[PDB]
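Shown below: query.pdb, with PDB, C-alpha atoms and all ligand atoms.
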ATOM      1  CA  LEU V   7     -43.598  36.819 -62.128  1.00  0.00           C
ATOM      2  CA  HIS V   8     -42.584  36.117 -65.775  1.00  0.00           C
ATOM      3  CA  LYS V   9     -44.344  33.936 -68.355  1.00  0.00           C
ATOM      4  CA  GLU V  10     -42.321  31.366 -70.325  1.00  0.00           C
ATOM      5  CA  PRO V  11     -43.370  29.299 -73.340  1.00  0.00           C
ATOM      6  CA  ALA V  12     -44.312  25.615 -72.996  1.00  0.00           C
ATOM      7  CA  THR V  13     -45.736  23.101 -75.482  1.00  0.00           C
ATOM      8  CA  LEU V  14     -48.725  20.889 -74.752  1.00  0.00           C
ATOM      9  CA  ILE V  15     -47.995  17.182 -74.504  1.00  0.00           C
ATOM     10  CA  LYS V  16     -51.328  16.036 -73.034  1.00  0.00           C
ATOM     11  CA  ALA V  17     -54.111  17.332 -70.812  1.00  0.00           C
ATOM     12  CA  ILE V  18     -54.649  14.842 -67.970  1.00  0.00           C
ATOM     13  CA  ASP V  19     -57.596  16.296 -66.081  1.00  0.00           C
ATOM     14  CA  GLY V  20     -59.068  19.678 -65.167  1.00  0.00           C
ATOM     15  CA  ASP V  21     -56.031  20.790 -63.150  1.00  0.00           C
ATOM     16  CA  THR V  22     -53.100  18.682 -64.321  1.00  0.00           C
ATOM     17  CA  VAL V  23     -51.472  18.840 -67.752  1.00  0.00           C
ATOM     18  CA  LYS V  24     -48.267  17.460 -69.241  1.00  0.00           C
ATOM     19  CA  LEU V  25     -46.117  20.051 -70.936  1.00  0.00           C
ATOM     20  CA  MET V  26     -42.760  20.284 -72.665  1.00  0.00           C
ATOM     21  CA  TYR V  27     -40.899  22.983 -70.736  1.00  0.00           C
ATOM     22  CA  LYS V  28     -37.276  24.019 -71.488  1.00  0.00           C
ATOM     23  CA  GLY V  29     -37.088  20.931 -73.672  1.00  0.00           C
ATOM     24  CA  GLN V  30     -38.334  18.561 -70.998  1.00  0.00           C
ATOM     25  CA  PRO V  31     -41.565  16.701 -70.408  1.00  0.00           C
ATOM     26  CA  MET V  32     -43.138  17.601 -67.078  1.00  0.00           C
ATOM     27  CA  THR V  33     -46.484  17.394 -65.359  1.00  0.00           C
ATOM     28  CA  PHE V  34     -47.831  20.720 -64.177  1.00  0.00           C
ATOM     29  CA  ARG V  35     -50.408  21.141 -61.468  1.00  0.00           C
ATOM     30  CA  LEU V  36     -52.416  24.378 -61.650  1.00  0.00           C
ATOM     31  CA  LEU V  37     -51.628  26.701 -58.685  1.00  0.00           C
ATOM     32  CA  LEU V  38     -54.441  27.813 -56.369  1.00  0.00           C
ATOM     33  CA  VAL V  39     -57.278  25.648 -57.642  1.00  0.00           C
ATOM     34  CA  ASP V  40     -58.793  22.227 -57.420  1.00  0.00           C
ATOM     35  CA  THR V  41     -60.964  20.733 -60.110  1.00  0.00           C
ATOM     36  CA  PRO V  42     -63.001  17.622 -59.195  1.00  0.00           C
ATOM     37  CA  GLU V  43     -61.270  14.284 -59.234  1.00  0.00           C
ATOM     38  CA  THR V  44     -61.899  11.874 -62.090  1.00  0.00           C
ATOM     39  CA  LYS V  45     -59.100   9.541 -61.115  1.00  0.00           C
ATOM     40  CA  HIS V  46     -58.373   8.718 -57.484  1.00  0.00           C
ATOM     41  CA  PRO V  47     -60.573   5.900 -56.235  1.00  0.00           C
ATOM     42  CA  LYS V  48     -60.280   7.246 -52.701  1.00  0.00           C
ATOM     43  CA  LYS V  49     -62.279  10.143 -54.150  1.00  0.00           C
ATOM     44  CA  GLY V  50     -64.186   8.459 -57.011  1.00  0.00           C
ATOM     45  CA  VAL V  51     -65.348  10.523 -60.020  1.00  0.00           C
ATOM     46  CA  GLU V  52     -66.713  13.669 -58.405  1.00  0.00           C
ATOM     47  CA  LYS V  53     -69.430  15.841 -59.951  1.00  0.00           C
ATOM     48  CA  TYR V  54     -68.141  18.183 -62.697  1.00  0.00           C
ATOM     49  CA  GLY V  55     -64.911  16.127 -62.763  1.00  0.00           C
ATOM     50  CA  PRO V  56     -65.545  15.281 -66.418  1.00  0.00           C
ATOM     51  CA  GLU V  57     -66.700  18.799 -67.348  1.00  0.00           C
ATOM     52  CA  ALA V  58     -63.642  20.370 -65.748  1.00  0.00           C
ATOM     53  CA  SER V  59     -61.374  17.986 -67.681  1.00  0.00           C
ATOM     54  CA  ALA V  60     -63.117  18.767 -70.944  1.00  0.00           C
ATOM     55  CA  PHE V  61     -62.899  22.507 -70.374  1.00  0.00           C
ATOM     56  CA  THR V  62     -59.149  22.422 -69.706  1.00  0.00           C
ATOM     57  CA  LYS V  63     -58.524  20.016 -72.572  1.00  0.00           C
ATOM     58  CA  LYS V  64     -60.389  22.167 -75.075  1.00  0.00           C
ATOM     59  CA  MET V  65     -58.735  25.309 -73.834  1.00  0.00           C
ATOM     60  CA  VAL V  66     -55.161  24.012 -74.076  1.00  0.00           C
ATOM     61  CA  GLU V  67     -55.640  21.997 -77.231  1.00  0.00           C
ATOM     62  CA  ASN V  68     -57.103  24.852 -79.221  1.00  0.00           C
ATOM     63  CA  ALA V  69     -54.519  27.445 -78.152  1.00  0.00           C
ATOM     64  CA  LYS V  70     -51.971  28.981 -80.509  1.00  0.00           C
ATOM     65  CA  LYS V  71     -49.618  29.620 -77.540  1.00  0.00           C
ATOM     66  CA  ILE V  72     -49.258  28.133 -74.053  1.00  0.00           C
ATOM     67  CA  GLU V  73     -47.294  29.891 -71.315  1.00  0.00           C
ATOM     68  CA  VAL V  74     -46.385  28.875 -67.769  1.00  0.00           C
ATOM     69  CA  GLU V  75     -45.925  31.315 -64.942  1.00  0.00           C
ATOM     70  CA  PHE V  76     -44.190  30.108 -61.775  1.00  0.00           C
ATOM     71  CA  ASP V  77     -44.959  31.849 -58.513  1.00  0.00           C
ATOM     72  CA  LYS V  78     -42.386  33.147 -56.021  1.00  0.00           C
ATOM     73  CA  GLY V  79     -42.144  30.083 -53.744  1.00  0.00           C
ATOM     74  CA  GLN V  80     -41.505  26.388 -54.564  1.00  0.00           C
ATOM     75  CA  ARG V  81     -41.877  25.411 -58.186  1.00  0.00           C
ATOM     76  CA  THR V  82     -42.619  21.736 -57.655  1.00  0.00           C
ATOM     77  CA  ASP V  83     -44.895  19.879 -55.216  1.00  0.00           C
ATOM     78  CA  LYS V  84     -43.895  16.687 -53.357  1.00  0.00           C
ATOM     79  CA  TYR V  85     -44.870  14.580 -56.414  1.00  0.00           C
ATOM     80  CA  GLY V  86     -42.490  16.471 -58.632  1.00  0.00           C
ATOM     81  CA  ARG V  87     -45.269  18.344 -60.520  1.00  0.00           C
ATOM     82  CA  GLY V  88     -44.438  21.924 -61.609  1.00  0.00           C
ATOM     83  CA  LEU V  89     -46.703  24.456 -59.826  1.00  0.00           C
ATOM     84  CA  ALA V  90     -47.723  27.286 -62.137  1.00  0.00           C
ATOM     85  CA  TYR V  91     -50.380  29.514 -63.581  1.00  0.00           C
ATOM     86  CA  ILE V  92     -50.922  28.346 -67.152  1.00  0.00           C
ATOM     87  CA  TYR V  93     -52.041  30.614 -69.948  1.00  0.00           C
ATOM     88  CA  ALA V  94     -53.747  29.711 -73.222  1.00  0.00           C
ATOM     89  CA  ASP V  95     -53.551  32.539 -75.763  1.00  0.00           C
ATOM     90  CA  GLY V  96     -52.991  34.878 -72.885  1.00  0.00           C
ATOM     91  CA  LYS V  97     -55.967  33.635 -70.896  1.00  0.00           C
ATOM     92  CA  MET V  98     -55.251  32.112 -67.470  1.00  0.00           C
ATOM     93  CA  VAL V  99     -56.618  28.547 -67.411  1.00  0.00           C
ATOM     94  CA  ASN V 100     -56.643  28.661 -63.596  1.00  0.00           C
ATOM     95  CA  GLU V 101     -59.037  31.653 -63.646  1.00  0.00           C
ATOM     96  CA  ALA V 102     -61.166  30.446 -66.549  1.00  0.00           C
ATOM     97  CA  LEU V 103     -61.978  27.258 -64.547  1.00  0.00           C
ATOM     98  CA  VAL V 104     -62.878  29.146 -61.349  1.00  0.00           C
ATOM     99  CA  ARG V 105     -64.901  31.734 -63.289  1.00  0.00           C
ATOM    100  CA  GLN V 106     -67.017  28.897 -64.803  1.00  0.00           C
ATOM    101  CA  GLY V 107     -67.664  27.186 -61.421  1.00  0.00           C
ATOM    102  CA  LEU V 108     -65.415  24.242 -62.572  1.00  0.00           C
ATOM    103  CA  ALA V 109     -62.865  24.525 -59.719  1.00  0.00           C
ATOM    104  CA  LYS V 110     -62.681  25.948 -56.211  1.00  0.00           C
ATOM    105  CA  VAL V 111     -59.846  28.150 -54.952  1.00  0.00           C
ATOM    106  CA  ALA V 112     -57.726  25.645 -52.893  1.00  0.00           C
ATOM    107  CA  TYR V 113     -54.202  24.773 -51.640  1.00  0.00           C
ATOM    108  CA  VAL V 114     -53.234  28.308 -50.852  1.00  0.00           C
ATOM    109  CA  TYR V 115     -49.581  28.114 -49.715  1.00  0.00           C
ATOM    110  CA  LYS V 116     -47.669  31.348 -49.155  1.00  0.00           C
ATOM    111  CA  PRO V 117     -45.648  32.683 -50.736  1.00  0.00           C
ATOM    112  CA  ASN V 118     -47.224  30.932 -53.773  1.00  0.00           C
ATOM    113  CA  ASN V 119     -50.354  33.071 -53.836  1.00  0.00           C
ATOM    114  CA  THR V 120     -49.674  35.983 -56.106  1.00  0.00           C
ATOM    115  CA  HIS V 121     -53.028  35.640 -57.940  1.00  0.00           C
ATOM    116  CA  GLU V 122     -55.137  34.544 -54.979  1.00  0.00           C
ATOM    117  CA  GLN V 123     -57.327  37.690 -54.737  1.00  0.00           C
ATOM    118  CA  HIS V 124     -57.909  37.684 -58.513  1.00  0.00           C
ATOM    119  CA  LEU V 125     -58.880  34.005 -58.421  1.00  0.00           C
ATOM    120  CA  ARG V 126     -60.995  34.734 -55.322  1.00  0.00           C
ATOM    121  CA  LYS V 127     -63.009  37.427 -57.089  1.00  0.00           C
ATOM    122  CA  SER V 128     -63.710  35.132 -60.018  1.00  0.00           C
ATOM    123  CA  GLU V 129     -64.886  32.413 -57.649  1.00  0.00           C
ATOM    124  CA  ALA V 130     -67.372  34.727 -55.856  1.00  0.00           C
ATOM    125  CA  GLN V 131     -68.886  35.723 -59.219  1.00  0.00           C
ATOM    126  CA  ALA V 132     -69.181  32.049 -60.203  1.00  0.00           C
ATOM    127  CA  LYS V 133     -70.852  31.376 -56.810  1.00  0.00           C
ATOM    128  CA  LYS V 134     -73.193  34.363 -57.160  1.00  0.00           C
ATOM    129  CA  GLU V 135     -74.137  33.161 -60.667  1.00  0.00           C
ATOM    130  CA  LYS V 136     -74.617  29.636 -59.217  1.00  0.00           C
ATOM    131  CA  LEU V 137     -72.521  27.981 -61.907  1.00  0.00           C
ATOM    132  CA  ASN V 138     -71.834  24.238 -62.093  1.00  0.00           C
ATOM    133  CA  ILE V 139     -70.138  23.459 -58.843  1.00  0.00           C
ATOM    134  CA  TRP V 140     -72.053  26.250 -57.132  1.00  0.00           C
ATOM    135  CA  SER V 141     -75.310  25.340 -58.799  1.00  0.00           C
TER     136      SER V 141
HETATM  137  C1  LIG R   1     -51.904  22.807 -56.034  1.00  0.00           C
HETATM  138  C2  LIG R   1     -50.949  22.153 -55.061  1.00  0.00           C
HETATM  139  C3  LIG R   1     -51.129  20.827 -54.667  1.00  0.00           C
HETATM  140  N1  LIG R   1     -50.204  20.298 -53.799  1.00  0.00           N
HETATM  141  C4  LIG R   1     -50.471  18.991 -53.102  1.00  0.00           C
HETATM  142  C5  LIG R   1     -51.509  19.085 -52.004  1.00  0.00           C
HETATM  143  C6  LIG R   1     -52.126  17.662 -52.140  1.00  0.00           C
HETATM  144  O1  LIG R   1     -51.318  16.562 -51.610  1.00  0.00           O
HETATM  145  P1  LIG R   1     -51.987  15.181 -51.095  1.00  0.00           P
HETATM  146  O2  LIG R   1     -51.864  14.215 -52.204  1.00  0.00           O
HETATM  147  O3  LIG R   1     -51.437  14.842 -49.778  1.00  0.00           O
HETATM  148  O4  LIG R   1     -53.540  15.533 -50.939  1.00  0.00           O
HETATM  149  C7  LIG R   1     -52.212  17.498 -53.645  1.00  0.00           C
HETATM  150  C8  LIG R   1     -53.462  18.021 -54.311  1.00  0.00           C
HETATM  151  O5  LIG R   1     -53.377  17.625 -55.678  1.00  0.00           O
HETATM  152  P2  LIG R   1     -54.516  17.015 -56.577  1.00  0.00           P
HETATM  153  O6  LIG R   1     -55.748  17.823 -56.656  1.00  0.00           O
HETATM  154  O7  LIG R   1     -53.872  16.786 -57.893  1.00  0.00           O
HETATM  155  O8  LIG R   1     -54.850  15.657 -55.823  1.00  0.00           O
HETATM  156  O9  LIG R   1     -51.084  18.204 -54.123  1.00  0.00           O
HETATM  157  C9  LIG R   1     -49.145  20.977 -53.294  1.00  0.00           C
HETATM  158  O10 LIG R   1     -48.360  20.405 -52.519  1.00  0.00           O
HETATM  159  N2  LIG R   1     -49.025  22.275 -53.641  1.00  0.00           N
HETATM  160  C10 LIG R   1     -49.894  22.885 -54.522  1.00  0.00           C
HETATM  161  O11 LIG R   1     -49.614  24.071 -54.715  1.00  0.00           O
HETATM  162 CA    CA R   2     -57.796  18.099 -58.453  1.00  0.00          CA
END
Using structure tokens, write down the structure from this file.
Amino acid sequence: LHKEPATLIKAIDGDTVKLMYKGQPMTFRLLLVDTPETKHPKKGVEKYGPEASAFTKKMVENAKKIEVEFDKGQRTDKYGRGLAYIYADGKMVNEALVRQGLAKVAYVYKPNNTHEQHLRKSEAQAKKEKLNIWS
């Protein structure tokens, strides 16, 4: 996998952010995780939804550099959102969320699962420390 630069446009929620990529505005959906819903009515505003959003926001807004890393399978989901691992000053947002108990490992679709084990170890640690979601 290779990282490429992107510029923040706006953080939408814990797992969705709008970025300028290759000179174009796009919405990215974080690969392999799911932060609680703050938007869809069919879901409501789930617990930690707001916390997860704040965490991501803070993380991307305060970063010097943002980078996107596409996996080896499809790069967009059926809604047209780019599917990537996003890094803030070299720190993976996807993992930071899981490590804090602010997201669960979800939507594992081969071959897009290069960092699945890594994300899975962080999640177990978050679970064993009973953080947020796991509290
Ligand atoms: C993360 C991810 C989500 N999606 C789809 C699965 C879900 O579709 P459905 O809308 O049918 O549930 C949705 C989850 O996104 P959200 O958490 O943003 O709702 O996005 C993919 O297709 N591939 C992915 O890699
Ligand atoms: Ca979500």
Non-local contacts of residue 89 (chain V) (9 Å; all atoms listed in the file; under 3 positions in same chain excluded) as a ChimeraX atom specification: /V:33-37,75-77,80-83,118
* Asked: Could you list, as a PyMOL selection string, all the residues within 12 Å of ligand CA 2 (chain R), counting all atoms listed in the file?
  -> chain V and resi 18-23+34-46+49-56+58-59+100+103+108-113
Taken to one decimal, the atom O10 of ligand LIG 1 (chain R)-CA of residue 127 (chain V) distance is 22.9 Å
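With only C-alpha atoms as the atoms that count, the minimum distance from residue 105 (chain V) to the choices V:119, V:93, V:130, V:86 is reached by V:130.
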Measuring between all atoms listed in the file, which one of V:68, V:30, V:120, V:13 shows the shortest distance to ligand LIG 1 (chain R)?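 Nearest candidate to ligand LIG 1 (chain R) out of V:68, V:30, V:120, V:13: V:120.
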In terms of only C-alpha atoms and all ligand atoms, the residue from V:99, V:107, V:136, V:48 at minimal distance from ligand LIG 1 (chain R) is V:48
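Between CA of residue 69 (chain V) and CA of residue 140 (chain V) there is a distance of 27.4 Å.
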Once 3 Å is added on each side, what are the centre and the three edge lengths, in Å to one decimal, of the axis-aligned box enclosing the listed atoms of ligand LIG 1 (chain R)? Present them as JSON.
{"center_x": -52.1, "center_y": 19.1, "center_z": -53.8, "size_x": 13.4, "size_y": 15.9, "size_z": 14.1}
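We find atom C1 of ligand LIG 1 (chain R) and CA of residue 14 (chain V) to be spaced 19.1 Å apart.
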Shortest contact to ligand LIG 1 (chain R), candidates V:57, V:135, V:122, V:129, atoms counted all atoms listed in the file, goes to V:122
> When distances are computed from only C-alpha atoms and all ligand atoms, which of V:131, V:94, V:17, V:85 shows the smallest separation from ligand LIG 1 (chain R)?
Replying inline: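 Checking each candidate against ligand LIG 1 (chain R), we get V:85 as the closest.
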Using all atoms listed in the file for the distances, tell me which of V:88, V:134, V:141, V:11 is nearest to ligand LIG 1 (chain R).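 Once distances to ligand LIG 1 (chain R) are computed over all atoms listed in the file, the minimum belongs to V:88.
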Item to check | Neighbour list for residue 95 (chain V) as a ChimeraX atom specification, cut-off 8 Å, only C-alpha atoms, skip fewer than 4 positions in-chain | outcome: /V:69-72
Practice task
Tell me which protein, DNA and RNA residues are within 6 Å of residue 92 (chain V), counting all atoms listed in the file, leaving out same-chain ones fewer than 5 positions away, and put them as a list in words.
Solution key: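 The filter keeps residues 73, 74, 98 and 99 of chain V.
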